[PDB]
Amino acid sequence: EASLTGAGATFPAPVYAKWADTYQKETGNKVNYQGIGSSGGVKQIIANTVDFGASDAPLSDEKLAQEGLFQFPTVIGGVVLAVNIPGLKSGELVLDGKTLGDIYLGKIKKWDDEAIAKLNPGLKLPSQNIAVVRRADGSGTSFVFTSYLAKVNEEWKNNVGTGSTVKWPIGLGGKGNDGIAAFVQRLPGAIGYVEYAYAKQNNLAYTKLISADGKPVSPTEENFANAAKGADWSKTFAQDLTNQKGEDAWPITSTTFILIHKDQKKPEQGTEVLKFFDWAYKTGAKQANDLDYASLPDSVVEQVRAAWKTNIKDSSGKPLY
């Protein structure tokens, strides 16, 4: 039995924790995962203080080669806008990318603003001020969210841009996906971006969004999967799944990655890390779906297995899988 430690992204933490609990029950192996944000996970794996790092933002091939790292995707999730608006039900409000960006820019300050009303004709919106909430820590969820906003709001693109950390025009900072969920829950009029599982598990209301194609869509596991239907995984695992075309394609979708060293100094540790993830691919789909994360296509996991064989080795050049 082995003890493994991983650290990073909170975006997939609910599913990694569930898989870890189940894996321990079935095999006795222990996986301790620390949700410290993608930026921290990258620093940790590079510092070699953990067996595997986790980040929703992919590293470029050149960055991977420079650090001697290998990266592979695990599941597909979606980012939603959790809101606390009195008298509004979950899924009733609809926002488009442009308007969402204007909210985060501080351009729109009340819930009954004309721009919001015209998108929601049947709604009686309250003249409640909008409390914008964003991440205080280096975050892969921030990366995905700002990648999306830069595509749909030129002013956002030109003035704040994309990144795991940006200079936010307005808003209070929350730590981790859990931190943002707690803020929305406690602040009447709040809007905050979180990975779907965090809104569902905390019973937070969320909005629908208008797809790249122009249709209002709901955030569901199937709709996250739909956004990924057109990704050419054979080209690269580092797929941008934001604002994708297609029916019922959730606009803020993203996969997430695990980072491990290619030259394993502690091969036993390396071998056990691959066994845990292989087990998750083979048996963990139901648990991922229970948490509303979509699974990667089988062709993609086969590509991952093939790459493990070629890339992961001990100091003697011996493959660990």
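The first residue of the sequence shown is number 1, and the count goes up from there.
Segment of higher mean CA temperature factor, 46-54 or 248-256: Of 248-256 and 46-54, the stretch with the higher C-alpha B-factor average is 46-54.
Read off the CA B-factors in the entry, average them over 295-303 and over 13-21, and name the higher stretch. Comparing averages over the C-alpha atoms only gives 295-303.
With respect to the C-alpha temperature factors reported in the PDB entry, which of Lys167, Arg186, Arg134, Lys151 ranks highest? Of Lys167, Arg186, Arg134, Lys151, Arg186 has the highest C-alpha B-factor.
If I read the C-alpha B-factors straight from the PDB entry, which of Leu125, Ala238, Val75, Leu100 is highest? In this record, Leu125 carries the highest C-alpha B-factor of the candidates.
Position of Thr220 among the chain's modelled residues by C-alpha B-factor, lowest, middle or highest third: For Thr220, whose C-alpha B-factor we compare with every modelled residue in the chain, the answer is the lowest third.
Third of chain Cα B-factors occupied by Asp213: It belongs to the highest third of the chain when residues are ordered by C-alpha B-factor.
Using the temperature factors of the C-alpha atoms in this entry, rank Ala7 within its chain: lowest, middle or highest third. Its C-alpha B-factor belongs to the lowest third of this chain's values.
Lowest, middle or highest third: where is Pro267 by Cα B-factor in its chain? As the PDB entry reports it, the C-alpha B-factor of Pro267 lands in the highest third of its chain.
Of the three thirds of its chain by CA temperature factor, lowest, middle or highest, which one includes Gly174? As the PDB entry reports it, the C-alpha B-factor of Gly174 lands in the middle third of its chain.
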